[PDB]
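>
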Amino acid sequence: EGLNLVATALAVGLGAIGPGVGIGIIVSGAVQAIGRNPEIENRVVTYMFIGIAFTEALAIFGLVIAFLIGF
Amino acid sequence: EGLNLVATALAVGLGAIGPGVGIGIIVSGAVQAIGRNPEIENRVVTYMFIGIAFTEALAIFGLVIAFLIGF
Amino acid sequence: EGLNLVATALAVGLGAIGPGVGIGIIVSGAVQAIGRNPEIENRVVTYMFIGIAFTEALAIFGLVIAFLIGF
Amino acid sequence: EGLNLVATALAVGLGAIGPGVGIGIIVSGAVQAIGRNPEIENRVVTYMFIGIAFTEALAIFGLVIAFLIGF
Amino acid sequence: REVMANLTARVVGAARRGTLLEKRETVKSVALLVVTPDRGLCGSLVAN
Amino acid sequence: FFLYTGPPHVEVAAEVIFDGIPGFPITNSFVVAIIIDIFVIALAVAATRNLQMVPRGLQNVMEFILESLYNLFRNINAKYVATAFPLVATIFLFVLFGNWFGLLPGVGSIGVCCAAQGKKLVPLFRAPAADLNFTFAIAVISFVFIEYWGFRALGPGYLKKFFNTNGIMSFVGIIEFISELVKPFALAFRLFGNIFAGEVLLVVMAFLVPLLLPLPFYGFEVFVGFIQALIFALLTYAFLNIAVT
Amino acid sequence: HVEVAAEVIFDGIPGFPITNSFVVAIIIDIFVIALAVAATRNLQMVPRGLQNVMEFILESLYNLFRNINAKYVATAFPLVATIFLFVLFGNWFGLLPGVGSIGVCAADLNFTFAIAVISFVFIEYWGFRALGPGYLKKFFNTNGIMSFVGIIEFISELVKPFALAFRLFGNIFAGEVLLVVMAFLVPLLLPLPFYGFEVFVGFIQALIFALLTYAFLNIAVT
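Residue numbers (UniProt numbering), protein chains in the order written: chain D, 2 to 72; chain G, 2 to 72; chain P, 2 to 72; chain V, 2 to 72; chain A, 50 to 97; chain F, 23 to 135, 173 to 304; chain W, 31 to 135, 188 to 304.
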């Protein structure tokens with residue numbers, strides 16, 4: 002029946018809110034960090050994308066698994 | 002039947018929910034602190050690596066649980 | 002109909018959710034403190050590691066209970 | 002059927018989440034107070050210890066009832 | 050002056066007592082401020 | 023290390039009954055409560071001793087504990103620091119005694135007749188903290204004492220704290236009175252859940268691998284019991300002060 | 031008794047004989063034209079009310095857009111002005127203005195989709211016109227390792243106008259449903275100023291749509 006669709010719904014829904022707000026926390030932290038001191042902006046640039054990449058690596062685990070459920 | 006499919010979906014989603022906000026706070030604190038002052042960049046980077054390792058540990062635990070339930 | 006599958010999935014996910022959100026705030030606070038002053042150094046490292054091990058214990062419970070159902 | 006197993010999974014996971022997140026804020030406040038007025042090191046040690054002791058008091062309540070469902 | 054009194058009372062941690070609050074050990078170099086009249090005829094003040 | 027054997031089984035219950043019911047209905051909790059009271063009386067008698075200002079001698083420990091409790095109560099408030107001090111000291115070292123004796127050898131197996176039959180082998184320990192009746196009685200007594208103290212200090216204040224808190228429009232009363240009423244039941248349930256949970260843990264967790272699993276569990280349980288006794292003792296004074304305030 | 035219904039229609043297909051959305055749009059246009067006629071012919075050097083609407087709406091919006099994006103607010107002034115003086119007026123006409131979908135023998191999905199299509203055409207025309215290849219910038223370029231989601235960002239921008247249309251249709255339709263529910267049970271709005279809350283929500287939604295259009299234009303600028 003539609004339990005596979007329930008599985009896709011859970012996969013896309015759960016595991017997305019976590020990284021979804023984690024990204025926001027990352028960028029907000031970087032933003033006030035550079036606002037207080039813009040001379041460290043290069044290091045902030047290096048740290049931002051790697052943190053975003055890791056949280057998005059969790060999100061893509063959430064997404065590609067749902068695609069596997071879809072087959 | 003379909004119970005395993007939704008089980009895998011729940012496992013991946015609820016294993017991704019935590020580490021997401023985890024790494025988010027990790028990077029926000031790290032970028033804020035390194036924005037406070039340089040010369041501790043190596044130490045904050047080491048603590049950053051410890052944090053990402055500890056979060057991705059639980060991430061891969063959930064991922065491999067879902068992977069094993071896949072078979 | 003495969004209730005043990007969803008049971009194991011739920012156990013793993015809802016056991017692994019906690020430590021990420023914990024460790025995030027945990028090391029964020031310590032790294033902000035050390036950025037303020039590097040004197041505490043190892044003293045704060047020691048304060049941090051045991052606190053993280055405390056949530057690692059709950060992660061162990063989450064994994065082990067699922068393992069019992071899994072075998 | 003495995004509905005009791007699902008009950009054990011729900012109990013252990015949803016009782017691990019609370020203490021798991023809580024102790025993070027506990028020791029984060031502790032290390033923050035270390036970074037600001039570490040004169041209270043003894044006091045913060047005692048107070049964080051009792052606070053966690055409450056947290057895994059809740060956790061062990063969850064774990065023991067989860068075992069009872071499994072019993 | 051009482052602002053300094055209160056601030057010194059609050060700040061007790063040696064690590065956080067940086068800047069002009071570091072009672073550094075193993076004294077090596079010391080600076081001194083001497084203030085003198087611009088012109089003479091001041092009496093014995095400059096001699097003192 | 024290995025725990026090859028010893029994991030016979032696990033069994034728990036809400037409470038345990040005792041003998042002596044013919045002359046007067048006695049439960050195992052009453053036996054435990056009597057033992058705790060006797061131990062407290064013996065400690066007080068030994069603590070009193072010659073009482074000629076003798077330093078140390080194991081009486082200075084009790085004196086220091088009482089002084090610390092008095093200092094805590096004084097810091098909490100001073101209107102009834104003297105009169106109510108014995109009331110709080112009654113809970114102090116009595117709830118502590120109830121928390122103690124749970125880690126005694128065979129605390130959960132004391133008075134069992173015997174796994175062969177178990178016909179009438181009711182465990183006659185039934186830790187006084189691990190009994191709903193004792194906690195309910197203690198909480199009712201504390202609530203009655205707080206209400207009486209509030210009525211005596213400010214009889215109009217106790218009523219005006221709710222009825223006349225805000226006469227116009229809504230008022231803090233009713234909700235405040237309901238919260239205070241739940242506070243006695245909450246305190247009773249707190250003691251009911253505590254100690255009982257520790258015993259359930261010491262049974263179930265130690266039932267599997269009873270080697271260094273029950274050790275940290277019992278340490279945490281003892282710390283939790285002491286914390287709960289102190290919390291109840293301080294909360295009685297806090298409720299009394301809130302009523303006075 | 032609840033009797034609410036969906037007024038979904040096809041803009042591409044010919045107008046229906048009833049044409050509730052078209053009728054509401056015509057009424058709103060007639061009211062706006064009446065106000066413009068009243069403020070234009072009877073216009074003085076320092077008019078009160080007639081010129082007050084202009085000064086406090088058109089000039090205020092122009093100043094806000096210039097503050098947000100100067101020298102681009104001028105270029106897309108017509109788009110933001112068209113977003114303004116409309117939608118909000120249609121909702122005010124549709125806020126139970128003596129009819130309330132009763133006595134019949188923005189909420190339209192097609193209209194919202196067409197408005198978002200106009201917004202996206204504004205993007206494709208003006209945004210990145212100063213660059214030409216701006217739409218390709220930070221999207222699978224040599225630095226695509228850090229800009230892999232850049233094309234995903236463009237898709238979100240493509241989905242941003244669709245969400246704007248959804249927000250135009252949504253809330254506006256909600257207000258209608260809430261008014262219908264209040265009529266079915268607890269009429270005359272509600273204990274709270276339901277009608278006033280709905281009117282304020284519609285005005286805020288129109289202002290937010292205009293600001294979202296201006297912000298999307300600015301984002302396309304850089």
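Positions of the beta carbon are idealized from the N, C-alpha and C atoms, including for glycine.
Any beta carbon of chain V sitting closer than 7 Å to that of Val283/F?
Interface residue, yes.
> Does any residue of chain A bring its CB to less than 7 Å from the CB of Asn38/P?
Interface residue, yes.
> Taking the alpha-carbon positions, what's the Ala54/V to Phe291/W distance?
One C-alpha to the other measures close to 52 Å.
> Opposite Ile39/F in the DSSP bridges: which residues?
BP columns for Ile39/F point to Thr49/F.
> Cα separation between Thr68/A and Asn38/V?
About 17 Å.
> Please tell me whether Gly16/P and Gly19/G are closer than 7 Å, where the distance is taken between their beta carbons.
Not closer than 7 Å, so no.
> Report all residues from its chain with a CB closer than 8 Å to the CB of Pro86/A; omit the five preceding and five following residues, and keep chain order.
Cβ neighbours of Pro86/A beyond the five flanking positions: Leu94, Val95.
> With distances taken Cα to Cα, identify the nearest neighbour of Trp122/W among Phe298/W, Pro47/W, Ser229/W, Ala288/W.
Of the listed residues, the one whose Cα sits closest to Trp122/W is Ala288/W.
> Quick check on DSSP: helix, strand or coil for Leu260/W?
Three-state result, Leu260/W: helix.
> Since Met228/W meets chain D, which of its residues come closer than 7 Å, beta carbon to beta carbon?
Neighbours of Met228/W on chain D, chain order: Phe50.
> Are any of the Cβ atoms in chain F nearer than 7 Å to that of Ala12/V?
Chain F, which has no Cβ nearer than 7 Å to the Cβ of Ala12/V, makes this no.
> Closest Cβ-Cβ distance between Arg66/A and chain P: below 7 Å?
No, because no Cβ of chain P sits closer than 7 Å to the Cβ of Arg66/A.
> Where does the unbroken alpha helix (DSSP H) through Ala106/F begin, and where does it stop?
Where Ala106/F is concerned, there is no enclosing alpha helix (DSSP H), given that its DSSP letter is neither H nor E.
> Using the three-state DSSP reduction, which class does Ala212/W fall into: helix, strand or coil?
Three-state result, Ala212/W: coil.
> Mind listing the chain V neighbours of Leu64/P? Cutoff is C-beta to C-beta under 8 Å, in chain order.
Within 8 Å Cβ-Cβ: nothing; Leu64/P doesn't reach chain V, min ~10 Å.
> Between which two residues does the alpha helix (DSSP H) holding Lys242/W run?
Counting along the chain, the alpha helix (DSSP H) containing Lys242/W begins and ends at 232 to 251.
> In the DSSP assignment, the alpha helix (DSSP H) including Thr57/A goes from what residue to what residue?
That run of the alpha helix (DSSP H) goes 51 to 59.
> Comparing alpha-carbon positions, which option in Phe119/W, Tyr277/W, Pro47/W, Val268/W lies nearest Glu258/W?
The shortest C-alpha separation from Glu258/W is found at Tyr277/W.
> How would you list, in chain order, the residues of chain D whose beta-carbon sits under 8 Å from the beta-carbon of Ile53/G?
The answer, in chain order, is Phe55.
> Determine whether the Cβ of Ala58/P lies closer than 7 Å to any Cβ atom of chain G.
Judged by the 7 Å Cβ criterion, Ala58/P is not in contact with chain G.
> Can you tell me which of the three DSSP states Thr9/P falls into?
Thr9/P falls in the helix class under three-state DSSP.
> 7 Å is my cut-off, CB to CB: does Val76/A come that close to chain V?
By this cut-off, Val76/A is not an interface position.
> Residue ranges of each alpha helix (DSSP H) run of no fewer than 4 residues wholly in the stretch 61 to 118 of chain W, ordered along the chain?
Complete alpha helix (DSSP H) runs here, min 4: 80 to 83, 90 to 98, 107 to 113.
> With DSSP run on the structure shown, which of helix, strand or coil describes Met228/F?
Looking at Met228/F - three-state DSSP - the assignment turns out to be coil, as it is neither helix nor strand.
> Mind checking which residues open and close the alpha helix (DSSP H) that includes residue 1/V?
In the structure as shown, chain V starts at 2 and stops at 72, and residue 1/V therefore has no counterpart that could be examined.
> Please decide whether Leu6/D counts as near chain G, where near means a Cβ-Cβ distance under 7 Å.
No, because no Cβ of chain G sits closer than 7 Å to the Cβ of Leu6/D.
> Should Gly36/G and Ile41/D be called a contact, given that it needs their Cβ atoms to be closer than 7 Å?
Yes, these two residues count as a Cβ contact at 7 Å.
> Can you check which of these residues, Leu293/F, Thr304/F, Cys173/F, is closest to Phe107/F by C-alpha distance?
Looking at the Cα atoms, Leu293/F is the closest of the given residues.
> Would you mind sorting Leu59/D into buried or exposed? The rule is 16 or more other CB atoms within 10 Å of its CB.
Counting Cβ neighbours within 10 Å, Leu59/D comes out buried, since at least 16 surround it.
> Tell me where the alpha helix (DSSP H) around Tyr48/P begins and ends.
Note, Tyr48/P: alpha helix (DSSP H), 43 to 71.
> Under 8 Å Cβ to Cβ from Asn72/W, same chain only, skipping five residues before and after it: list those, please.
Excluding positions up to five away in sequence, the list reads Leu80.
> Under three-state DSSP, which class holds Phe266/W?
Three-state result, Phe266/W: helix.
> Out of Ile233/F, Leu94/F, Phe40/F, which one is the CA nearest neighbour of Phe184/F?
Comparing Cα-Cα distances from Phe184/F to each of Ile233/F, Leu94/F, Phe40/F, the minimum goes to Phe40/F.
> Return yes when the Cβ of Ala265/F is within less than 7 Å of the Cβ of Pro275/F, no when it is not.
No.
> Whole angstroms are fine: how far does the CA of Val283/F sit from the CA of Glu2/G?
Going from the Cα of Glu2/G to the Cα of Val283/F covers about 47 Å.
> Assuming contact is defined by CB atoms lying nearer than 7 Å, are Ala69/F and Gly120/F in contact in what I supplied?
No; because the gap between Cβ atoms is not below 7 Å, this pair is not in contact.
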